[PDB]
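Below you'll find the structure, written out as structure tokens, and then a few comments.
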Amino acid sequence: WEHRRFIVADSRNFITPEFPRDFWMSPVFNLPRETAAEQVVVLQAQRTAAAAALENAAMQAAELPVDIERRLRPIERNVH
Amino acid sequence: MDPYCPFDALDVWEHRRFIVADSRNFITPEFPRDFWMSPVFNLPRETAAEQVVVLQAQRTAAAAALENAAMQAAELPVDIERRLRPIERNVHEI
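One line per chain: the protein sequences are m and l, in this order.
Take any residue in the first sequence, count from 1 to its spot, add 12: that is its number in PDB author numbering.
By PDB author numbering, the letter at position 47 of the second sequence is numbered 47, and the numbering carries on one by one without gaps.
Here it is in structure tokens:
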């Protein structure tokens with residue numbers, strides 16, 4: 013024995029919300045083809061790429077003290 | 001505010017085994033609607049425009065540093081040609 017009140021599930025059932033005068037013209041509903049978010053994402057990706065590339069250049073160019081000593085010292089020994 | 005409905009309410013006494021045309025009742029929770037707080041979109045502290053401005057300022061700083069690296073590292077061939085040529089001439093003097 014289970015009892016409760018019932019209300020008919022009718023297709024005619026509609027809901028009536030209310031909208032304020034300042035609803036639709038929120039600034040974000042209407043947006044241009046180009047906003048700041050896409051530039052932010054692309055610029056951050058480029059910044060990370062440059063951060064990696066500077067480190068790669070640092071490790072690629074760290075041989076100058078070795079690239080010069082092995083060119084100068086043997087000539088020193090040869091002359092000496 | 002109440003959604004419209006032609007039928008107010010009626011008296012129904014359901015059974016267990018013989019629920020024919022088995023419907024789907026709209027279940028309701030038991031905690032009061034006073035505990036169910038209204039939704040708020042927490043706006044971020046910064047806006048994408050301010051993000052563009054700050055990131056562009058940081059790019060300008062990084063580019064200035066890279067330009068400094070360029071001017072300090074572009075003279076290395078000049079150092080090469082300034083240091084070895086007198087020594088090469090001295091070796092030729094022999």
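All C-beta atoms in this analysis are idealised placements derived from N, C-alpha and C, irrespective of residue type, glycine included.
| Item | Value |
| --- | --- |
| Among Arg45(l), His15(l), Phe26(l) and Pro6(l), which has the Cα closest to the Cα of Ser23(m)? | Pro6(l) |
| So if DSSP puts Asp11(l) in a beta bridge, which residue, or which two residues, is it bridged to? | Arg17(m) |
| Under 8 Å Cβ-Cβ, which residues of chain m neighbour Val52(l)? | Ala48, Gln51, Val52 and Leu55 |
| Could you tell me whether any Cβ in chain l is nearer than 8 Å to the Cβ of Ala62(m)? | yes |
| So for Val91(l), helix, strand or coil by DSSP? | helix |
| Helix, strand or coil: which one does DSSP assign to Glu30(m)? | coil |
| Return the first residue and the last residue of the alpha helix (DSSP H) that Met71(l) is part of. | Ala48 to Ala73 |
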